[PDB]
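[1] structure here, sequence nowhere to be found:
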Ligand SMILES: Nc1ncnc2c1ncn2[C@@H]1O[C@H](COP(=O)(O)OC(=O)CCCC[C@@H]2CCSS2)[C@@H](O)[C@H]1O
């Protein structure tokens, strides 16, 4: 198991966008045939999933007011708020050695639950979706995707929360707790760097690993990471361009999550379409949106096109194609 701390010439980095960039850089460029761990503690910012639209997920005025960034990550899932009171861990798992991990939140979280138990946390449970919950209240969210031969997976930990701010800055569908007061009393006043440390030590134990193999980002890695920051994580086209607000917007709750269709209509046909939501598609939806372009907004064309798109190739659960058809027929 490798550990990549987000350090630059020995300085700890807290920029959420750079932190993802580090991870994705590793994913793409670090051919280590071992799990790499990426602990990260970020300055306040909102991180949204790849398929999400920041405009509908964030209170944009509160974000501007508080002068904090939106950062889109590469994985699906939903929008989280991240500050110095959260400790997150991403991973680059060799896909061949963890073939059953893709989409398997339970497996992914098993060592985490184990770590949290070991650390005195009451009754942390896998939510069954992609979360960890104590007595109804979410303490962690997770996301993953397959990229190259690597599974990119990450979970957050809400060590301490600003409950007021979190429910104000995130506008989903328009509840969570801290871990601080829930650890063994020995740990209850640990700072965030101490929790990260405690968690990583515990994570090694729970995973039967004596020590992390050391990987320090070199100047040269940083040049590539900085480039991915410029071209992607802090690139408007990626953060904002990716999810345009088209004229018509409809959403359905489905098993995979809330799917929103944002589309343009010219001559009774879908002219532009953007499918967004907090889900975890099997492959990129760009192909599906492209497939749907040109479809007449009639039952017959929509049903057929939606059938032909083989939605199961794109989403894990079954989507009601007719639900989507009928939703779109109303425009
Ligand atoms: N920092 C944070 N951590 C955990 N849960 C949060 C957080 N912020 C908000 N929430 C709550 O989760 C829901 C949205 O959860 P939802 O289930 O929609 O999706 C997620 O959680 C994505 C997890 C983040 C993936 C990153 C890849 C490695 S590190 S983390 C939001 O509305 C809040 O109620």
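    Noted; the coordinates are in hand. Residues are numbered from 1 along each chain as shown.
[2] who's in contact with the nearest residue to residue 119 once chain neighbours are set aside?
    In this structure, residue 119 finds its nearest non-sequential neighbour in residue 183, 5.3 Å apart by CB to CB, 6 or more residues apart in numbering. All C-beta atoms are positioned from the backbone trio N, CA, C, and that covers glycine. Counting by CB atoms under 8 Å, 6 or more residues apart in numbering, residue 183 touches 119, 120, 121, 190.
[3] go on, residue 69?
    16, 17, 45, 46, 63, 234, 239.
[4] compare those residues and tell me which is most surrounded.
    Within the contacts of residue 69, neighbour counts (other CB atoms under 10 Å) peak at residue 16, which reaches 27 neighbours.
[5] just to check, it is in contact with residue 43?
    Yes. Counting by CB atoms under 8 Å, residue 43 is a contact partner of residue 16 at 6.7 Å.
[6] quickly list what residue 263 is bridged to.
    Per DSSP bridges, the residues bridged to residue 263 are residue 248, residue 273.
[7] surely it is in contact with residue 244?
    No. Counting by CB under 8 Å, residue 263 does not reach residue 244; the two are 10.1 Å apart.
[8] hey, what's in contact with both of those two?
    Common neighbours of residue 263 and residue 244 (criterion: CB under 8 Å, 6+ apart): 272, 274.
[9] okay, these two: which has more neighbours?
    residue 263 (22 against 13).
[10] OK, contacts around the more buried one?
    246, 247, 248, 249, 270, 271, 272, 273, 274, 328, 331 are the contacts of residue 263 under CB under 8 Å, 6+ apart.
[11] what's around residue 264, how many residues?
    Using other CB under 10 Å, residue 264 has 16 other residues around it.
[12] name the nearest residue to it, sequence neighbours excluded.
    Nearest to residue 264 is residue 272, by CB to CB, 6+ apart, at 3.7 Å.
[13] may I have the beta-bridge partners of the residue of the chain found nearest the ligand?
    With CB to the nearest ligand atom as the measure, residue 154 is the residue of the chain nearest to the ligand, at 1.5 Å. Judged by DSSP bridges, the bridge partners of residue 154 are residue 90, residue 143.
[14] my guess is it contacts residue 92. True?
    No. Look at residue 154 against residue 92 with CB under 8 Å: they stay out of range, at 10.0 Å.
[15] compare those two and say which is more crowded by neighbours.
    Higher neighbour count among residue 154 and residue 92: residue 92, with 27 against 24, using other CB under 10 Å.
[16] picking up where we left off before, what touches both of residue 154 and residue 92?
    Joint contacts of residue 154 and residue 92 (CB under 8 Å, 6+ apart) are 23, 38.
[17] can you report how many residues lie near residue 226?
    Around residue 226 there are 15 residues (other CB under 10 Å).
[18] quick one, what contacts it?
    Residues near residue 226 by CB under 8 Å, 6+ apart: residue 21.
[19] so which strand or helix has it?
    helix 219-228 (DSSP states H and E).
[20] from the chain's centre, how far out does that helix sit?
    Relative to its parent chain, helix 219-228 has a centroid offset of 22 Å by CA atoms, centre = their mean, to the nearest Å.
[21] get me the contact residues on the chain for the ligand.
    73, 75, 77-82, 86, 88, 90, 130-131, 138, 140-143, 154-156, 158, 166, 170, 172, 176, 278 (CB under 6 Å from any ligand atom).
[22] rewinding a little: now the two most distant members of the contacts of residue 183.
    Pairwise distances across those peak at 13.0 Å for 121 and 190 (criterion: CB to CB).
[23] all set now, cheers.
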